[PDB]
Amino acid sequence: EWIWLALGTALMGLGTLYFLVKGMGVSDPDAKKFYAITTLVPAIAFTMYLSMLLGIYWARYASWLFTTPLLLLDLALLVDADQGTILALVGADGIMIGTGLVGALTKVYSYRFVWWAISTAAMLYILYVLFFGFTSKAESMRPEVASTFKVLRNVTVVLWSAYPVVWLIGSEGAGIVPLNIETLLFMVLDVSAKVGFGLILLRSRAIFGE
Ligand SMILES: *C/C=C(C)/C=C/C=C(C)/C=C/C1=C(C)CCCC1(C)C
């Protein structure tokens with residue numbers, strides 16, 4: 001298990017580093033914003049994984065809290081979403097992570113069930129907006145934006161959807177998957193949803209205003 005935390009810490013660190021060095025010199029106003037957000041995401045995750053190496057897993061949970069909203073912000077800027085829609089998204093994301101925590105805090109099966117069901121519901125509203133709401137908006141924009149958004153959209157829906165699955169069969173849910181393997185799983189997902197995500201976005205010309 002120490003290997004998963006170490007490997008994760010290194011991958012987040014190197015990603016943050018790459019994104020950080022790549023964005024320097026880049027003078028495009030529009031582009032600089034994507035770099036700021038995208039470098040911050042893996043920087044926050046790196047800090048938490050490094051903390052776990054020195055340390056339970058609620059640390060990684062705290063990182064989801066800060067990062068998921070930023071990843072959503074990245075997507076919203078890509079398709080030039082209006083203020084209202086962004087707020088609703090981050091609001092629902094806040095409920096997703098918040099109720100996920102509340103339920104993992106209640107011992108009675110029935111109460112918890114509802115918290116994690118409410119959490120999943122908020123997650124589905126988010127993915128619905130991204131898939132249906134954001135896609136229509138993206139297709140009315142520059143080809144580069146439409147195309148890069150579609151990939152980031154597909155990566156996000158698949159990866160994000162896997163979290164509740166792992167969690168339910170893991171030590172927090174049914175207790176099927178061992179605590180060490182669960183850690184393996186979440187690190188791969190996290191590295192994918194942030195570094196893999198950032199790589200796709202930042203190596204694309206869609207971030208420039210033109
Ligand atoms: C870098 C980290 C990312 C992208 C983390 C994403 C986490 C989620 C989408 C978590 C979702 C959950 C539910 C929908 C139900 C309750 C349990 C959670 C918190 C695992």
# chains A, B, ... in the order shown; residues from 1 in each chain; ligands from 1

$ residues_near_ligand --ligand "ligand 1" --cutoff "8 Å" --atoms "only C-alpha atoms and all ligand atoms" --output "PDB file with C-alpha atoms, in the first residue's frame"
ATOM      1  CA  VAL A  41      -5.628  20.599  -9.163  1.00  0.00           C
ATOM      2  CA  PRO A  42      -2.617  18.211  -9.120  1.00  0.00           C
ATOM      3  CA  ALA A  45      -3.724  16.316  -4.675  1.00  0.00           C
ATOM      4  CA  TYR A  61     -11.397  12.880   0.540  1.00  0.00           C
ATOM      5  CA  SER A  63      -8.593  16.726  -1.834  1.00  0.00           C
ATOM      6  CA  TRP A  64     -11.690  15.636  -3.810  1.00  0.00           C
ATOM      7  CA  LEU A  65     -13.551  18.498  -2.161  1.00  0.00           C
ATOM      8  CA  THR A  67     -10.358  19.533  -6.875  1.00  0.00           C
ATOM      9  CA  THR A  68     -13.676  18.356  -8.327  1.00  0.00           C
ATOM     10  CA  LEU A  71     -12.131  20.419 -12.758  1.00  0.00           C
ATOM     11  CA  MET A  96     -21.954  15.219  -3.646  1.00  0.00           C
ATOM     12  CA  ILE A  97     -18.795  15.404  -1.536  1.00  0.00           C
ATOM     13  CA  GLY A  98     -20.619  16.724   1.519  1.00  0.00           C
ATOM     14  CA  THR A  99     -23.336  14.071   1.671  1.00  0.00           C
ATOM     15  CA  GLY A 100     -20.754  11.441   0.836  1.00  0.00           C
ATOM     16  CA  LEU A 101     -19.036  12.434   4.076  1.00  0.00           C
ATOM     17  CA  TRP A 115     -26.900   9.960   1.994  1.00  0.00           C
ATOM     18  CA  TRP A 116     -24.938   8.033  -0.608  1.00  0.00           C
ATOM     19  CA  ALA A 117     -28.014   7.838  -2.826  1.00  0.00           C
ATOM     20  CA  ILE A 118     -28.367  11.635  -2.582  1.00  0.00           C
ATOM     21  CA  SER A 119     -24.666  11.923  -3.310  1.00  0.00           C
ATOM     22  CA  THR A 120     -24.981   9.751  -6.425  1.00  0.00           C
ATOM     23  CA  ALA A 121     -28.001  11.767  -7.527  1.00  0.00           C
ATOM     24  CA  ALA A 122     -25.944  14.989  -7.335  1.00  0.00           C
ATOM     25  CA  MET A 123     -23.165  13.269  -9.306  1.00  0.00           C
ATOM     26  CA  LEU A 124     -25.671  12.259 -12.017  1.00  0.00           C
ATOM     27  CA  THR A 156     -14.636  12.776 -16.909  1.00  0.00           C
ATOM     28  CA  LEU A 159     -13.638   8.168 -14.364  1.00  0.00           C
ATOM     29  CA  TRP A 160     -15.991  10.114 -12.073  1.00  0.00           C
ATOM     30  CA  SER A 161     -18.641   7.373 -12.421  1.00  0.00           C
ATOM     31  CA  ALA A 162     -16.163   4.776 -11.155  1.00  0.00           C
ATOM     32  CA  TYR A 163     -15.782   6.456  -7.705  1.00  0.00           C
ATOM     33  CA  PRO A 164     -19.168   5.492  -6.252  1.00  0.00           C
ATOM     34  CA  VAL A 165     -18.635   1.941  -7.592  1.00  0.00           C
ATOM     35  CA  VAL A 166     -15.260   1.506  -5.873  1.00  0.00           C
ATOM     36  CA  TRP A 167     -16.597   3.110  -2.690  1.00  0.00           C
ATOM     37  CA  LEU A 168     -19.663   0.851  -2.457  1.00  0.00           C
ATOM     38  CA  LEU A 189      -8.543   7.102 -10.790  1.00  0.00           C
ATOM     39  CA  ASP A 190      -7.221  10.326  -9.151  1.00  0.00           C
ATOM     40  CA  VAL A 191      -4.064  10.440 -11.257  1.00  0.00           C
ATOM     41  CA  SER A 192      -6.273   9.869 -14.325  1.00  0.00           C
ATOM     42  CA  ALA A 193      -8.913  12.460 -13.472  1.00  0.00           C
ATOM     43  CA  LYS A 194      -6.297  15.173 -12.864  1.00  0.00           C
TER      44      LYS A 194
END

$ select_by_dssp --residues "range 17-190 of chain A" --states "alpha helix (DSSP H)" --output "PyMOL selection string"
chain A and resi 17-23+29-54+58-78+83-103+109-128+135-138+143-169+179-190

$ closest_residue --among "A:195, A:133, A:139, A:21" --to "residue 44 in chain A" --atoms "only C-alpha atoms"
A:195

$ closest_residue --among "A:210, A:66, A:107, A:130" --to "residue 86 in chain A" --atoms "only C-alpha atoms"
A:130

$ residues_around --residues "residue 169 in chain A" --least-positions-apart "4" --cutoff "12 Å" --atoms "only C-alpha atoms" --output "NGL selection string"
:A and (162-165 or 173-179 or 181-182 or 185)

$ write_last_selection --atoms "C-alpha atoms" --output "compact mmCIF listing (two decimals), in the first residue's frame"
# COMPACT_ATOMS: atom_id res chain seq x y z
CA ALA A 162 -16.16 4.78 -11.16
CA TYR A 163 -15.78 6.46 -7.70
CA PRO A 164 -19.17 5.49 -6.25
CA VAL A 165 -18.63 1.94 -7.59
CA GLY A 173 -19.57 0.00 1.49
CA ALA A 174 -20.00 -3.81 1.41
CA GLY A 175 -16.46 -4.54 2.41
CA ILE A 176 -15.61 -6.64 -0.63
CA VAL A 177 -12.40 -4.96 -1.80
CA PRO A 178 -9.41 -4.89 0.62
CA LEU A 179 -8.33 -1.54 2.05
CA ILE A 181 -6.44 -2.55 -3.21
CA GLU A 182 -9.04 0.17 -2.75
CA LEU A 185 -7.89 1.89 -7.33

$ atom_distance --atom1 "CA of residue 75 in chain A" --atom2 "CA of residue 20 in chain A"
19.2 Å

$ residues_around --residues "residue 147 in chain A" --least-positions-apart "2" --cutoff "12 Å" --atoms "only C-alpha atoms" --output "PDB file with N, CA, C and O atoms, in the first residue's frame"
ATOM      1  N   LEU A  78     -14.188  26.168 -20.738  1.00  0.00           N
ATOM      2  CA  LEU A  78     -13.984  25.646 -22.085  1.00  0.00           C
ATOM      3  C   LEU A  78     -15.180  25.964 -22.976  1.00  0.00           C
ATOM      4  O   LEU A  78     -15.009  26.436 -24.098  1.00  0.00           O
ATOM      5  N   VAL A  79     -16.386  25.705 -22.478  1.00  0.00           N
ATOM      6  CA  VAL A  79     -17.589  25.949 -23.271  1.00  0.00           C
ATOM      7  C   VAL A  79     -18.261  27.284 -22.993  1.00  0.00           C
ATOM      8  O   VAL A  79     -19.402  27.506 -23.393  1.00  0.00           O
ATOM      9  N   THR A 135     -22.361  19.718 -24.047  1.00  0.00           N
ATOM     10  CA  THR A 135     -22.112  19.254 -25.410  1.00  0.00           C
ATOM     11  C   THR A 135     -22.822  20.124 -26.469  1.00  0.00           C
ATOM     12  O   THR A 135     -22.237  20.443 -27.501  1.00  0.00           O
ATOM     13  N   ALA A 138     -20.881  23.309 -26.656  1.00  0.00           N
ATOM     14  CA  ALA A 138     -19.574  23.110 -27.268  1.00  0.00           C
ATOM     15  C   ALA A 138     -19.630  22.985 -28.791  1.00  0.00           C
ATOM     16  O   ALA A 138     -18.734  23.460 -29.494  1.00  0.00           O
ATOM     17  N   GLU A 139     -20.679  22.342 -29.296  1.00  0.00           N
ATOM     18  CA  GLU A 139     -20.821  22.139 -30.739  1.00  0.00           C
ATOM     19  C   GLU A 139     -21.123  23.424 -31.504  1.00  0.00           C
ATOM     20  O   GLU A 139     -21.023  23.459 -32.731  1.00  0.00           O
ATOM     21  N   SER A 140     -21.477  24.482 -30.783  1.00  0.00           N
ATOM     22  CA  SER A 140     -21.766  25.750 -31.426  1.00  0.00           C
ATOM     23  C   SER A 140     -20.519  26.619 -31.390  1.00  0.00           C
ATOM     24  O   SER A 140     -20.548  27.775 -31.794  1.00  0.00           O
ATOM     25  N   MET A 141     -19.416  26.041 -30.909  1.00  0.00           N
ATOM     26  CA  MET A 141     -18.150  26.753 -30.805  1.00  0.00           C
ATOM     27  C   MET A 141     -17.086  26.226 -31.762  1.00  0.00           C
ATOM     28  O   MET A 141     -17.289  25.234 -32.457  1.00  0.00           O
ATOM     29  N   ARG A 142     -15.955  26.923 -31.778  1.00  0.00           N
ATOM     30  CA  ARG A 142     -14.806  26.596 -32.614  1.00  0.00           C
ATOM     31  C   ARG A 142     -14.529  25.090 -32.573  1.00  0.00           C
ATOM     32  O   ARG A 142     -14.586  24.474 -31.507  1.00  0.00           O
ATOM     33  N   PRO A 143     -14.211  24.485 -33.735  1.00  0.00           N
ATOM     34  CA  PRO A 143     -13.921  23.050 -33.845  1.00  0.00           C
ATOM     35  C   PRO A 143     -12.952  22.516 -32.786  1.00  0.00           C
ATOM     36  O   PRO A 143     -13.177  21.445 -32.225  1.00  0.00           O
ATOM     37  N   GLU A 144     -11.876  23.250 -32.524  1.00  0.00           N
ATOM     38  CA  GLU A 144     -10.895  22.830 -31.527  1.00  0.00           C
ATOM     39  C   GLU A 144     -11.538  22.657 -30.149  1.00  0.00           C
ATOM     40  O   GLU A 144     -11.226  21.710 -29.432  1.00  0.00           O
ATOM     41  N   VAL A 145     -12.421  23.586 -29.783  1.00  0.00           N
ATOM     42  CA  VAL A 145     -13.106  23.537 -28.497  1.00  0.00           C
ATOM     43  C   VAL A 145     -14.045  22.335 -28.452  1.00  0.00           C
ATOM     44  O   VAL A 145     -13.988  21.528 -27.528  1.00  0.00           O
ATOM     45  N   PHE A 149     -13.315  19.311 -25.972  1.00  0.00           N
ATOM     46  CA  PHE A 149     -14.300  19.157 -24.921  1.00  0.00           C
ATOM     47  C   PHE A 149     -14.887  17.744 -24.895  1.00  0.00           C
ATOM     48  O   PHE A 149     -15.109  17.180 -23.815  1.00  0.00           O
ATOM     49  N   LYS A 150     -15.150  17.186 -26.079  1.00  0.00           N
ATOM     50  CA  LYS A 150     -15.718  15.841 -26.187  1.00  0.00           C
ATOM     51  C   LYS A 150     -14.811  14.800 -25.528  1.00  0.00           C
ATOM     52  O   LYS A 150     -15.281  13.916 -24.825  1.00  0.00           O
ATOM     53  N   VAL A 151     -13.504  14.904 -25.739  1.00  0.00           N
ATOM     54  CA  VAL A 151     -12.613  13.941 -25.110  1.00  0.00           C
ATOM     55  C   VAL A 151     -12.615  14.125 -23.579  1.00  0.00           C
ATOM     56  O   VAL A 151     -12.799  13.155 -22.828  1.00  0.00           O
ATOM     57  N   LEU A 152     -12.431  15.364 -23.120  1.00  0.00           N
ATOM     58  CA  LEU A 152     -12.408  15.653 -21.690  1.00  0.00           C
ATOM     59  C   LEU A 152     -13.737  15.255 -21.058  1.00  0.00           C
ATOM     60  O   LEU A 152     -13.782  14.792 -19.915  1.00  0.00           O
ATOM     61  N   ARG A 153     -14.816  15.424 -21.809  1.00  0.00           N
ATOM     62  CA  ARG A 153     -16.147  15.061 -21.324  1.00  0.00           C
ATOM     63  C   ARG A 153     -16.290  13.542 -21.123  1.00  0.00           C
ATOM     64  O   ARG A 153     -16.844  13.088 -20.120  1.00  0.00           O
ATOM     65  N   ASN A 154     -15.779  12.770 -22.080  1.00  0.00           N
ATOM     66  CA  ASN A 154     -15.836  11.316 -22.014  1.00  0.00           C
ATOM     67  C   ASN A 154     -14.917  10.774 -20.926  1.00  0.00           C
ATOM     68  O   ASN A 154     -15.263   9.806 -20.241  1.00  0.00           O
ATOM     69  N   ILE A 200      -4.417  16.231 -21.509  1.00  0.00           N
ATOM     70  CA  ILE A 200      -5.296  16.365 -22.667  1.00  0.00           C
ATOM     71  C   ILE A 200      -5.623  17.833 -22.926  1.00  0.00           C
ATOM     72  O   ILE A 200      -5.469  18.338 -24.038  1.00  0.00           O
ATOM     73  N   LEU A 201      -6.064  18.514 -21.876  1.00  0.00           N
ATOM     74  CA  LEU A 201      -6.436  19.904 -21.971  1.00  0.00           C
ATOM     75  C   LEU A 201      -5.320  20.864 -22.358  1.00  0.00           C
ATOM     76  O   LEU A 201      -5.463  21.612 -23.321  1.00  0.00           O
ATOM     77  N   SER A 204      -3.635  20.953 -25.883  1.00  0.00           N
ATOM     78  CA  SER A 204      -4.605  21.274 -26.924  1.00  0.00           C
ATOM     79  C   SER A 204      -4.629  22.778 -27.139  1.00  0.00           C
ATOM     80  O   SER A 204      -4.411  23.542 -26.206  1.00  0.00           O
ATOM     81  N   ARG A 205      -4.906  23.201 -28.367  1.00  0.00           N
ATOM     82  CA  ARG A 205      -4.955  24.618 -28.715  1.00  0.00           C
ATOM     83  C   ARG A 205      -6.283  25.247 -28.328  1.00  0.00           C
ATOM     84  O   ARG A 205      -6.458  26.462 -28.428  1.00  0.00           O
ATOM     85  N   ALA A 206      -7.212  24.415 -27.870  1.00  0.00           N
ATOM     86  CA  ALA A 206      -8.533  24.886 -27.465  1.00  0.00           C
ATOM     87  C   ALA A 206      -8.488  25.887 -26.309  1.00  0.00           C
ATOM     88  O   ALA A 206      -9.431  26.652 -26.117  1.00  0.00           O
ATOM     89  N   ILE A 207      -7.395  25.892 -25.548  1.00  0.00           N
ATOM     90  CA  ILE A 207      -7.269  26.811 -24.412  1.00  0.00           C
ATOM     91  C   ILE A 207      -6.961  28.261 -24.809  1.00  0.00           C
ATOM     92  O   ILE A 207      -7.082  29.167 -23.985  1.00  0.00           O
TER      93      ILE A 207
END

$ atom_distance --atom1 "CA of residue 40 in chain A" --atom2 "CA of residue 70 in chain A"
8.4 Å

$ decode --residues "range 78-103 of chain A" --atoms "N, CA and C atoms" --output "PDB file, in the first residue's frame"
ATOM      1  N   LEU A  78     -14.188  26.168 -20.738  1.00  0.00           N
ATOM      2  CA  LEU A  78     -13.984  25.646 -22.085  1.00  0.00           C
ATOM      3  C   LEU A  78     -15.180  25.964 -22.976  1.00  0.00           C
ATOM      4  N   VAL A  79     -16.386  25.705 -22.478  1.00  0.00           N
ATOM      5  CA  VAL A  79     -17.589  25.949 -23.271  1.00  0.00           C
ATOM      6  C   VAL A  79     -18.261  27.284 -22.993  1.00  0.00           C
ATOM      7  N   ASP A  80     -17.550  28.167 -22.299  1.00  0.00           N
ATOM      8  CA  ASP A  80     -18.069  29.497 -21.985  1.00  0.00           C
ATOM      9  C   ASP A  80     -19.467  29.428 -21.365  1.00  0.00           C
ATOM     10  N   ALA A  81     -19.603  28.664 -20.288  1.00  0.00           N
ATOM     11  CA  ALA A  81     -20.894  28.523 -19.621  1.00  0.00           C
ATOM     12  C   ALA A  81     -21.200  29.787 -18.828  1.00  0.00           C
ATOM     13  N   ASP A  82     -22.482  30.077 -18.635  1.00  0.00           N
ATOM     14  CA  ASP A  82     -22.867  31.274 -17.905  1.00  0.00           C
ATOM     15  C   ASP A  82     -22.655  31.065 -16.409  1.00  0.00           C
ATOM     16  N   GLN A  83     -22.632  32.164 -15.657  1.00  0.00           N
ATOM     17  CA  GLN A  83     -22.411  32.123 -14.213  1.00  0.00           C
ATOM     18  C   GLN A  83     -23.369  31.210 -13.456  1.00  0.00           C
ATOM     19  N   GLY A  84     -24.664  31.399 -13.678  1.00  0.00           N
ATOM     20  CA  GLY A  84     -25.651  30.585 -12.997  1.00  0.00           C
ATOM     21  C   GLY A  84     -25.372  29.091 -13.063  1.00  0.00           C
ATOM     22  N   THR A  85     -25.230  28.571 -14.281  1.00  0.00           N
ATOM     23  CA  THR A  85     -24.972  27.152 -14.504  1.00  0.00           C
ATOM     24  C   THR A  85     -23.742  26.656 -13.737  1.00  0.00           C
ATOM     25  N   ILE A  86     -22.684  27.454 -13.719  1.00  0.00           N
ATOM     26  CA  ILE A  86     -21.467  27.075 -13.012  1.00  0.00           C
ATOM     27  C   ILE A  86     -21.729  26.894 -11.515  1.00  0.00           C
ATOM     28  N   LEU A  87     -22.470  27.843 -10.944  1.00  0.00           N
ATOM     29  CA  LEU A  87     -22.810  27.825  -9.526  1.00  0.00           C
ATOM     30  C   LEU A  87     -23.622  26.580  -9.178  1.00  0.00           C
ATOM     31  N   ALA A  88     -24.618  26.284  -9.997  1.00  0.00           N
ATOM     32  CA  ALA A  88     -25.436  25.113  -9.757  1.00  0.00           C
ATOM     33  C   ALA A  88     -24.520  23.881  -9.749  1.00  0.00           C
ATOM     34  N   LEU A  89     -23.612  23.795 -10.719  1.00  0.00           N
ATOM     35  CA  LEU A  89     -22.688  22.667 -10.786  1.00  0.00           C
ATOM     36  C   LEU A  89     -21.861  22.512  -9.515  1.00  0.00           C
ATOM     37  N   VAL A  90     -21.176  23.584  -9.129  1.00  0.00           N
ATOM     38  CA  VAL A  90     -20.344  23.552  -7.940  1.00  0.00           C
ATOM     39  C   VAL A  90     -21.185  23.352  -6.687  1.00  0.00           C
ATOM     40  N   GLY A  91     -22.454  23.747  -6.754  1.00  0.00           N
ATOM     41  CA  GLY A  91     -23.331  23.566  -5.613  1.00  0.00           C
ATOM     42  C   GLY A  91     -23.619  22.079  -5.463  1.00  0.00           C
ATOM     43  N   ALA A  92     -23.999  21.451  -6.579  1.00  0.00           N
ATOM     44  CA  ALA A  92     -24.288  20.017  -6.622  1.00  0.00           C
ATOM     45  C   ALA A  92     -23.023  19.238  -6.285  1.00  0.00           C
ATOM     46  N   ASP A  93     -21.873  19.713  -6.749  1.00  0.00           N
ATOM     47  CA  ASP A  93     -20.642  19.012  -6.421  1.00  0.00           C
ATOM     48  C   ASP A  93     -20.429  19.068  -4.910  1.00  0.00           C
ATOM     49  N   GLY A  94     -20.733  20.223  -4.320  1.00  0.00           N
ATOM     50  CA  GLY A  94     -20.570  20.394  -2.886  1.00  0.00           C
ATOM     51  C   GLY A  94     -21.455  19.427  -2.122  1.00  0.00           C
ATOM     52  N   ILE A  95     -22.657  19.191  -2.635  1.00  0.00           N
ATOM     53  CA  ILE A  95     -23.558  18.260  -1.987  1.00  0.00           C
ATOM     54  C   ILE A  95     -23.043  16.842  -2.163  1.00  0.00           C
ATOM     55  N   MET A  96     -22.487  16.550  -3.341  1.00  0.00           N
ATOM     56  CA  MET A  96     -21.954  15.219  -3.646  1.00  0.00           C
ATOM     57  C   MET A  96     -20.876  14.809  -2.643  1.00  0.00           C
ATOM     58  N   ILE A  97     -19.878  15.670  -2.471  1.00  0.00           N
ATOM     59  CA  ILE A  97     -18.795  15.404  -1.536  1.00  0.00           C
ATOM     60  C   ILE A  97     -19.250  15.554  -0.079  1.00  0.00           C
ATOM     61  N   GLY A  98     -20.136  16.506   0.168  1.00  0.00           N
ATOM     62  CA  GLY A  98     -20.619  16.724   1.519  1.00  0.00           C
ATOM     63  C   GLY A  98     -21.479  15.592   2.051  1.00  0.00           C
ATOM     64  N   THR A  99     -22.453  15.154   1.253  1.00  0.00           N
ATOM     65  CA  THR A  99     -23.336  14.071   1.671  1.00  0.00           C
ATOM     66  C   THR A  99     -22.590  12.745   1.657  1.00  0.00           C
ATOM     67  N   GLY A 100     -21.528  12.662   0.865  1.00  0.00           N
ATOM     68  CA  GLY A 100     -20.754  11.441   0.836  1.00  0.00           C
ATOM     69  C   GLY A 100     -20.106  11.272   2.203  1.00  0.00           C
ATOM     70  N   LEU A 101     -19.682  12.400   2.768  1.00  0.00           N
ATOM     71  CA  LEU A 101     -19.036  12.434   4.076  1.00  0.00           C
ATOM     72  C   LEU A 101     -20.035  12.183   5.205  1.00  0.00           C
ATOM     73  N   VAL A 102     -21.197  12.819   5.127  1.00  0.00           N
ATOM     74  CA  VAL A 102     -22.222  12.654   6.150  1.00  0.00           C
ATOM     75  C   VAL A 102     -22.667  11.198   6.286  1.00  0.00           C
ATOM     76  N   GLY A 103     -22.850  10.536   5.149  1.00  0.00           N
ATOM     77  CA  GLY A 103     -23.269   9.147   5.161  1.00  0.00           C
ATOM     78  C   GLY A 103     -22.212   8.202   5.695  1.00  0.00           C
TER      79      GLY A 103
END
